[PDB]
Ligand SMILES: CN(C)[C@H]1CCc2ccccc2C1
Ligand SMILES: [Mg+2]
Ligand SMILES: [Mg+2]
Ligand SMILES: [Mg+2]
């Protein structure tokens with residue numbers, strides 16, 4: 001009964017079905033997903049539809065990379081729904097292993113499934129990419145991995161943070177701007193740095209990422225609250241404001257809506273901004289596609305989460321009385 005006012009997706013990638021086939025083989029081949037309950041549970045998430053709705057510009061092997069990257073995010077995420085997420089030092093050490101892969105230390109044969117899957121996603125991501133994209137996205141991955149242990153610290157504390165501290169942890173553990181870096185890469189575009197760092201596009205990028213993680217906070221609250229998770233916008237608002245759950249959900253909707261309004265107000269300025277910078281027609285085309293990538297990510301993430309089984313299913317198939325996975329795939 002919660003709708004954030006986002007438009008339905010203007011399009012879906014035509015590669016959904018082909019990518020479903022690729023990604024099913026990929027998660028099994030890497031050892032990221034097993035057979036039986038884990039495979040049925042993974043399948044019920046519909047990672048291919050997340051990729052096709054979230055990245056409608058992606059075609060062919062580009063959409064495959066989007067789905068595999070999402071597969072890594074979601075499988076790796078769930079490994080912390082258990083003792084690992086209550087052990088910050090252990091989480092930090094595991095995440096340092098993954099961070100070493102970001103910065104050039106490939107894992108080698110026989111690495112664990114999470115290390116091997118990440119290394120494959122990261123190698124495919126950087127192949128042929130602009131060095132400015134590689135440097136930025138490498139730092140985005142570092143933030144994602146490094147933030148996990150702080151979520152665990154907050155779990156042990158047992159109170160939500162203030163809004164500023166919530167944003168610092170939650171933006172990291174949500175994957176920071178990685179979905180947009182992935183969408184840019186999958187669309188085959190390179191945002192000119194002069195446009196990328198405009199105040200309008202910097203604010204818009206931040207707003208779009210906040211929109212999707214906050215939409216997720218509302219839909220994933222039931223499975224997260226029961227596990228003692230603290231970095232969820234609804235819990236943060238309730239704790240800060242001393243309000244009811246309904247009032248906190250309504251306020252969370254408002255945090256999303258005001259960011260969508262800001263994004264759309266600034267998007268109106270993007271044609272003029274490109275003219276002021278004297279960008280070439282091709283540069284302007286890449287900026288226009290970047291705008292579409294951001295718009296499609298916001299609408300597509302939400303379209304996916306309304307139809308997936310991940311959020312309605314989790315409390316029943318992986319109750320909070322046990323770990324949030326059927327198989328351990330991340331050695332700690
Ligand atoms: C690590 N989490 C599984 C993240 C992965 C990326 C993402 C992007 C937007 C909204 C929610 C999420 C869940
Ligand atoms: Mg999670
Ligand atoms: Mg998480
Ligand atoms: Mg969530």
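Every read-out reported here was derived from the displayed coordinates using simple, explicitly stated rules and does not represent laboratory data. A quick note on method: Cβ atoms are made from the backbone with ideal geometry, for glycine too, and the neighbour counts reach across all protein chains shown.
Among 250, 99, sorting on how many other beta-carbon atoms sit within 10 Å of each Cβ, with the fewest leading, yields 250, 99.
Normalised by 2.2 N^0.38 Å, with N the number of residues, the alpha-carbon radius of gyration of the stretch 198-255 equals 1.24. With N the number of residues in the stretch 181-315, Rg(Cα) / (2.2 N^0.38 Å) evaluates to 1.24.
Taking all pairs of different Cα atoms in the chain, averaging 1/r and flipping that mean, what Kirkwood radius in angstroms comes out? Computed over Cα pairs of the chain, the Kirkwood hydrodynamic radius comes out at 20.3 Å. With Cα atoms as the point set, the radius of gyration and Dmax of the stretch 85-176 evaluate to 14.5, 45 Å. With the simple spin-label model, which puts each label point 7 Å out from Cα in the Cβ direction, the residue 262 to residue 316 separation comes to 3.8 nm. Sorting 164, 184, 283 by the number of Cβ atoms found within 10 Å of their own Cβ, with the fewest placed first, yields 164, 283, 184. Going from the fewest other Cβ atoms within 10 Å to the most, the residues 173, 12 appear in the order 12, 173.
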